[PDB]
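A.B. asks: What follows is final.txt, compact mmCIF, N, CA, C and O atoms.
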# COMPACT_ATOMS: atom_id res chain seq x y z
N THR A 298 90.53 -4.73 -8.03
CA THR A 298 91.60 -3.90 -8.64
C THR A 298 91.88 -2.70 -7.76
O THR A 298 91.09 -2.40 -6.89
N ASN A 299 93.00 -2.00 -7.98
CA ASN A 299 93.33 -0.81 -7.18
C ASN A 299 92.41 0.36 -7.54
O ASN A 299 92.10 1.19 -6.71
N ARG A 300 91.97 0.38 -8.79
CA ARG A 300 90.99 1.37 -9.26
C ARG A 300 89.92 0.58 -9.99
O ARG A 300 90.24 -0.19 -10.89
N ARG A 301 88.67 0.75 -9.59
CA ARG A 301 87.56 0.01 -10.21
C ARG A 301 87.20 0.50 -11.60
O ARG A 301 86.83 -0.29 -12.45
N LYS A 302 87.31 1.81 -11.81
CA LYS A 302 86.91 2.47 -13.08
C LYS A 302 85.42 2.18 -13.33
O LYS A 302 84.99 1.94 -14.46
N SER A 303 84.68 2.22 -12.22
CA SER A 303 83.30 1.69 -12.09
C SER A 303 82.33 2.34 -13.08
O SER A 303 82.58 3.45 -13.58
N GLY A 304 81.23 1.63 -13.39
CA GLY A 304 80.23 2.12 -14.33
C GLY A 304 80.68 1.81 -15.73
O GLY A 304 80.03 1.06 -16.45
N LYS A 305 81.82 2.35 -16.12
CA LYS A 305 82.40 2.04 -17.43
C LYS A 305 82.81 0.58 -17.36
O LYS A 305 82.53 -0.19 -18.27
N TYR A 306 83.44 0.20 -16.26
CA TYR A 306 83.78 -1.20 -16.02
C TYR A 306 82.50 -2.01 -15.81
O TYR A 306 82.36 -3.07 -16.37
N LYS A 307 81.57 -1.50 -15.01
CA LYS A 307 80.37 -2.27 -14.71
C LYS A 307 79.57 -2.67 -15.95
O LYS A 307 79.05 -3.77 -16.02
N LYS A 308 79.49 -1.80 -16.95
CA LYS A 308 78.77 -2.15 -18.17
C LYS A 308 79.46 -3.24 -18.97
O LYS A 308 78.82 -3.90 -19.77
N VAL A 309 80.76 -3.44 -18.77
CA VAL A 309 81.50 -4.46 -19.53
C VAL A 309 80.93 -5.85 -19.23
O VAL A 309 81.00 -6.74 -20.06
N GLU A 310 80.35 -6.01 -18.05
CA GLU A 310 79.78 -7.29 -17.64
C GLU A 310 78.61 -7.69 -18.54
O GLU A 310 78.57 -8.79 -19.08
N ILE A 311 77.66 -6.78 -18.73
CA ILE A 311 76.50 -7.06 -19.60
C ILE A 311 76.92 -6.93 -21.08
O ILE A 311 76.28 -7.48 -21.97
N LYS A 312 78.01 -6.22 -21.35
CA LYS A 312 78.53 -6.11 -22.72
C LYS A 312 79.02 -7.46 -23.19
O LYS A 312 78.76 -7.85 -24.33
N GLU A 313 79.71 -8.19 -22.33
CA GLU A 313 80.21 -9.51 -22.68
C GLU A 313 79.05 -10.50 -22.77
O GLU A 313 79.13 -11.49 -23.49
N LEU A 314 77.97 -10.21 -22.06
CA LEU A 314 76.75 -11.03 -22.12
C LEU A 314 75.97 -10.73 -23.40
O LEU A 314 74.98 -11.39 -23.71
N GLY A 315 76.43 -9.74 -24.16
CA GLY A 315 75.80 -9.41 -25.43
C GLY A 315 74.80 -8.28 -25.48
O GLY A 315 73.92 -8.31 -26.33
N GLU A 316 74.91 -7.25 -24.64
CA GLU A 316 73.99 -6.09 -24.72
C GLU A 316 74.06 -5.42 -26.09
O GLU A 316 73.15 -4.71 -26.51
N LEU A 317 75.16 -5.65 -26.81
CA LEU A 317 75.35 -5.11 -28.15
C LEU A 317 74.37 -5.76 -29.13
O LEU A 317 74.05 -5.21 -30.18
N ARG A 318 73.89 -6.95 -28.77
CA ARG A 318 72.91 -7.71 -29.55
C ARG A 318 71.53 -7.53 -28.93
O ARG A 318 70.54 -8.03 -29.46
N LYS A 319 71.52 -6.83 -27.79
CA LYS A 319 70.36 -6.59 -26.90
C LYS A 319 70.09 -7.75 -25.95
O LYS A 319 69.06 -7.77 -25.29
N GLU A 320 71.02 -8.70 -25.85
CA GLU A 320 70.89 -9.79 -24.88
C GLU A 320 71.23 -9.24 -23.49
O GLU A 320 72.35 -8.76 -23.27
N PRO A 321 70.28 -9.28 -22.53
CA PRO A 321 70.61 -8.75 -21.20
C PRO A 321 71.23 -9.77 -20.24
O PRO A 321 71.14 -10.97 -20.45
N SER A 322 71.84 -9.28 -19.17
CA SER A 322 72.38 -10.15 -18.11
C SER A 322 71.41 -10.23 -16.92
O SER A 322 71.82 -10.62 -15.82
N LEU A 323 70.16 -9.85 -17.14
CA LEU A 323 69.15 -9.79 -16.09
C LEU A 323 67.78 -9.84 -16.74
O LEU A 323 66.77 -10.05 -16.03
For this file, write the structure as structure tokens.

C.D. replies:
Amino acid sequence: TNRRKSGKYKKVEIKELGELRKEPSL
């Protein structure tokens, strides 16, 4: 993207993996 919006964007990756349920992406 033209702007990464990083960190806030980066957490969305593990958020979709379910960090809200405590399921990690690692």

A.B. asks: Skip residue 310 of chain A itself and residues of its chain fewer than 6 positions away, then list as a ChimeraX atom specification all residues within 8 Å of it, counting all atoms listed in the file.

C.D. replies: /A:304,316,320-322

A.B. asks: Between atom O of residue 323 of chain A and atom CA of residue 311 of chain A, what is the distance, to one decimal in Å?

C.D. replies: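 Going from atom O of residue 323 of chain A over to atom CA of residue 311 of chain A covers 10.8 Å.
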
A.B. asks: Hey, can you check how far atom O of residue 306 of chain A sits from atom C of residue 319 of chain A?

C.D. replies: 16.3 Å

A.B. asks: Write out as a list in words the set of residues from chain A that DSSP, computed on the backbone, places in helix (DSSP H, G or I).

C.D. replies: residues 305, 306, 307, 308, 309, 310, 311, 312 and 313 of chain A

A.B. asks: For the residues in the current selection, export N, CA, C and O atoms as a PDB file, keeping the file's coordinate frame.

C.D. replies:
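This went into selection06.pdb:
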ATOM      1  N   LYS A 305      81.820   2.350 -16.120  1.00  0.00           N
ATOM      2  CA  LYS A 305      82.400   2.040 -17.430  1.00  0.00           C
ATOM      3  C   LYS A 305      82.810   0.580 -17.360  1.00  0.00           C
ATOM      4  O   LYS A 305      82.530  -0.190 -18.270  1.00  0.00           O
ATOM      5  N   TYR A 306      83.440   0.200 -16.260  1.00  0.00           N
ATOM      6  CA  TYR A 306      83.780  -1.200 -16.020  1.00  0.00           C
ATOM      7  C   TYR A 306      82.500  -2.010 -15.810  1.00  0.00           C
ATOM      8  O   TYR A 306      82.360  -3.070 -16.370  1.00  0.00           O
ATOM      9  N   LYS A 307      81.570  -1.500 -15.010  1.00  0.00           N
ATOM     10  CA  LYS A 307      80.370  -2.270 -14.710  1.00  0.00           C
ATOM     11  C   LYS A 307      79.570  -2.670 -15.950  1.00  0.00           C
ATOM     12  O   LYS A 307      79.050  -3.770 -16.020  1.00  0.00           O
ATOM     13  N   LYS A 308      79.490  -1.800 -16.950  1.00  0.00           N
ATOM     14  CA  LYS A 308      78.770  -2.150 -18.170  1.00  0.00           C
ATOM     15  C   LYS A 308      79.460  -3.240 -18.970  1.00  0.00           C
ATOM     16  O   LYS A 308      78.820  -3.900 -19.770  1.00  0.00           O
ATOM     17  N   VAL A 309      80.760  -3.440 -18.770  1.00  0.00           N
ATOM     18  CA  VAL A 309      81.500  -4.460 -19.530  1.00  0.00           C
ATOM     19  C   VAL A 309      80.930  -5.850 -19.230  1.00  0.00           C
ATOM     20  O   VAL A 309      81.000  -6.740 -20.060  1.00  0.00           O
ATOM     21  N   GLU A 310      80.350  -6.010 -18.050  1.00  0.00           N
ATOM     22  CA  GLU A 310      79.780  -7.290 -17.640  1.00  0.00           C
ATOM     23  C   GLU A 310      78.610  -7.690 -18.540  1.00  0.00           C
ATOM     24  O   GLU A 310      78.570  -8.790 -19.080  1.00  0.00           O
ATOM     25  N   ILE A 311      77.660  -6.780 -18.730  1.00  0.00           N
ATOM     26  CA  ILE A 311      76.500  -7.060 -19.600  1.00  0.00           C
ATOM     27  C   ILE A 311      76.920  -6.930 -21.080  1.00  0.00           C
ATOM     28  O   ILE A 311      76.280  -7.480 -21.970  1.00  0.00           O
ATOM     29  N   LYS A 312      78.010  -6.220 -21.350  1.00  0.00           N
ATOM     30  CA  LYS A 312      78.530  -6.110 -22.720  1.00  0.00           C
ATOM     31  C   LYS A 312      79.020  -7.460 -23.190  1.00  0.00           C
ATOM     32  O   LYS A 312      78.760  -7.850 -24.330  1.00  0.00           O
ATOM     33  N   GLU A 313      79.710  -8.190 -22.330  1.00  0.00           N
ATOM     34  CA  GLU A 313      80.210  -9.510 -22.680  1.00  0.00           C
ATOM     35  C   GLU A 313      79.050 -10.500 -22.770  1.00  0.00           C
ATOM     36  O   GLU A 313      79.130 -11.490 -23.490  1.00  0.00           O
TER      37      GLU A 313
END
